[PDB]
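Reading through the structure tokens given below for one structure.
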Amino acid sequence: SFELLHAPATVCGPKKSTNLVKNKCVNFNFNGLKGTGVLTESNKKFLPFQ
Amino acid sequence: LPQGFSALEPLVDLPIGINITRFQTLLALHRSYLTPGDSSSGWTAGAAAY
Ligand SMILES: *[C@@H]1O[C@H](CO)[C@@H](O)[C@H](O)[C@H]1NC(C)=O
């Protein structure tokens with residue numbers, strides 16, 4: 001049975017992962033934000049929640 | 001409150017979706033032999049403030 005309620009959903013299970021490439025101009029969707037650029041390694045360290 | 005500065009980082013995120021108007025804080029009391037009495041008077045609290 002499917003319930004529709006006035007609340008955000010909790011179960012969707014998208015999955016469908018993909019490998020990684022570096023130093024190549026590729027399209028990326030890391031968590032939901034799109035872009036078109038190249039990837040590399042950065043020295044700055046994020047805070048744990050960033 | 002000391003005269004200082006400090007930032008608050010996020011802890012949790014609850015997708016609840018209810019209506020909130022009021023709240024109440026709880027407390028933990030202690031009952032020992034040094035505070036005789038029944039369940040309504042025989043307890044000790046401790047030093048605290050908020
Ligand atoms: C409770 O919150 C809902 C939001 O979905 C709102 O529509 C409603 O007016 C609020 N108050 C109630 C149900 O008394």
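Chain identifiers are assigned as A, B, and so on, following the order in which chains appear in the structure tokens; residues are numbered from 1 within each chain, and ligands are numbered from 1 in order of appearance.
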So that I can see what lies close to stretch 31-39 of chain A, please list as a PDB file with N, CA and C atoms, in the first residue's frame the residues with an atom at most 8 Å from it, counting only C-alpha atoms and leaving out residues fewer than 6 positions away in the same chain.
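So the final result, stored in out.pdb, reads:
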```pdb
ATOM      1  N   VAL A  21      36.190  10.216 -12.249  1.00  0.00           N
ATOM      2  CA  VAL A  21      37.301  10.593 -13.112  1.00  0.00           C
ATOM      3  C   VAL A  21      37.850  11.929 -12.634  1.00  0.00           C
ATOM      4  N   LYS A  22      39.129  12.165 -12.916  1.00  0.00           N
ATOM      5  CA  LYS A  22      39.810  13.377 -12.486  1.00  0.00           C
ATOM      6  C   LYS A  22      40.601  13.970 -13.643  1.00  0.00           C
ATOM      7  N   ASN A  23      40.806  15.287 -13.577  1.00  0.00           N
ATOM      8  CA  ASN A  23      41.576  16.033 -14.575  1.00  0.00           C
ATOM      9  C   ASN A  23      40.975  15.907 -15.974  1.00  0.00           C
ATOM     10  N   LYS A  24      39.666  15.678 -16.049  1.00  0.00           N
ATOM     11  CA  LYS A  24      38.958  15.601 -17.320  1.00  0.00           C
ATOM     12  C   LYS A  24      37.669  16.400 -17.211  1.00  0.00           C
ATOM     13  N   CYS A  25      37.392  17.218 -18.223  1.00  0.00           N
ATOM     14  CA  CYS A  25      36.187  18.046 -18.233  1.00  0.00           C
ATOM     15  C   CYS A  25      34.975  17.142 -18.407  1.00  0.00           C
TER      16      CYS A  25
END
```
Practice item. Dump as a PyMOL selection string the residues of chain A that approach chain B to within 8 Å, counting only C-alpha atoms. Key: chain A and resi 7-8+49
Of A:43, A:18, A:6, A:1, the one nearest to residue A:30 when counting only C-alpha atoms is A:18
Counting only C-alpha atoms and all ligand atoms, closest pick from B:32, B:6, B:39, B:21 relative to ligand 1 is B:21
As a check of understanding: the span from atom CA of residue B:3 to atom CA of residue A:46 is 28.0 Å
What's the separation between atom CA of residue A:27 and atom CA of residue A:48, in Å to one decimal place?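 One can read the atom CA of residue A:27 to atom CA of residue A:48 distance as 26.1 Å.
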Choose the residue, out of B:19, B:25, B:44, B:35, that has the smallest atom-to-atom separation from ligand 1; count only C-alpha atoms and all ligand atoms.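 Counting only C-alpha atoms and all ligand atoms, the residue closest to ligand 1 is B:19.
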Exercise. As a ChimeraX atom specification, please: all residues of chain A that backbone DSSP puts in strand (DSSP E or B).
Key: /A:26-29,34-37
Can I get the selection written as an mmCIF file, in the first residue's frame, with N, CA and C atoms?
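Contents of out-v2.cif, freshly written:
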```cif
data_model
loop_
_atom_site.group_PDB
_atom_site.id
_atom_site.type_symbol
_atom_site.label_atom_id
_atom_site.label_comp_id
_atom_site.auth_asym_id
_atom_site.auth_seq_id
_atom_site.Cartn_x
_atom_site.Cartn_y
_atom_site.Cartn_z
ATOM 1 N N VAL A 26 34.247 16.907 -17.314
ATOM 2 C CA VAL A 26 33.102 16.009 -17.311
ATOM 3 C C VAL A 26 31.935 16.686 -16.606
ATOM 4 N N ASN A 27 30.729 16.240 -16.949
ATOM 5 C CA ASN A 27 29.530 16.675 -16.251
ATOM 6 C C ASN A 27 29.377 15.889 -14.956
ATOM 7 N N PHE A 28 29.004 16.582 -13.883
ATOM 8 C CA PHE A 28 28.942 15.968 -12.566
ATOM 9 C C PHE A 28 27.630 16.306 -11.870
ATOM 10 N N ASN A 29 27.155 15.358 -11.063
ATOM 11 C CA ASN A 29 26.005 15.540 -10.175
ATOM 12 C C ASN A 29 26.365 14.840 -8.866
ATOM 13 N N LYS A 34 24.134 20.389 -10.308
ATOM 14 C CA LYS A 34 24.754 20.088 -11.586
ATOM 15 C C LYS A 34 25.893 21.063 -11.872
ATOM 16 N N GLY A 35 26.702 20.718 -12.864
ATOM 17 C CA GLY A 35 27.815 21.568 -13.243
ATOM 18 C C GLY A 35 28.537 20.987 -14.437
ATOM 19 N N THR A 36 29.525 21.745 -14.910
ATOM 20 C CA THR A 36 30.337 21.336 -16.054
ATOM 21 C C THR A 36 31.743 21.885 -15.825
ATOM 22 N N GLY A 37 32.644 21.028 -15.365
ATOM 23 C CA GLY A 37 33.984 21.480 -15.064
ATOM 24 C C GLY A 37 34.928 20.317 -14.865
#
```
Note to self: Could you tell me how far atom CA of residue A:3 sits from atom CA of residue A:17, in Å to one decimal place?
What the structure shows: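 Taking atom CA of residue A:17 as the start and atom CA of residue A:3 as the end point, the length is 27.6 Å.
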Proximity to ligand 1 - best of B:45, B:1, B:20, B:36, only C-alpha atoms and all ligand atoms:
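Answer, going by the shortest atom-to-atom distance: B:20.
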